[PDB]
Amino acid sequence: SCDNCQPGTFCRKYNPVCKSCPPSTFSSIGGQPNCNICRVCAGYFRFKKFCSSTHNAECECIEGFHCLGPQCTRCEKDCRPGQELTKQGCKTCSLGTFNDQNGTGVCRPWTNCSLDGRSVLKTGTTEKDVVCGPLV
């Protein structure tokens, strides 16, 4: 029977032979009637894993970008200041928080001048921390 075939092959029900998957195709399961066409990673994408007869190629994003979604279906540009990288992609810092860093970092809460026993000299932004004053 055609079900005794190993991975990296294709096999037909009417004439059972475990013929090797040809170049730039693959099969992970076994003795299917076809091989699947190998993925290519170009443009904004790069190869994280390459294709072989047994496994598919897997993609990365280029420098300055990052994978978005389940199986890196798209690339997103790395976050600006005032944004943070989350699972749903770059998102703006919520009120009271900030991030001054470009293409990196995490939204951290504003300095609390009352907690330090000080006055507020300048107000906070999504991209800028509060500036505190003297001690009261």
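Residues carry their position along the shown sequence, with the first being 1.
Higher mean CA temperature factor, per the PDB entry, when comparing 13 to 21 with 114 to 122: 13 to 21. Looking at 26 to 34 and 96 to 104 together, the entry lists the larger mean B-factor for 26 to 34, computed on C-alpha atoms. When the C-alpha B factors of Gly43, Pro109, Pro70, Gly82 are read from the deposited coordinates, the top value falls at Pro70. Within the selection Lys49, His55, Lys91, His66, the deposited Cα B-factor values reach their highest point at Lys91.
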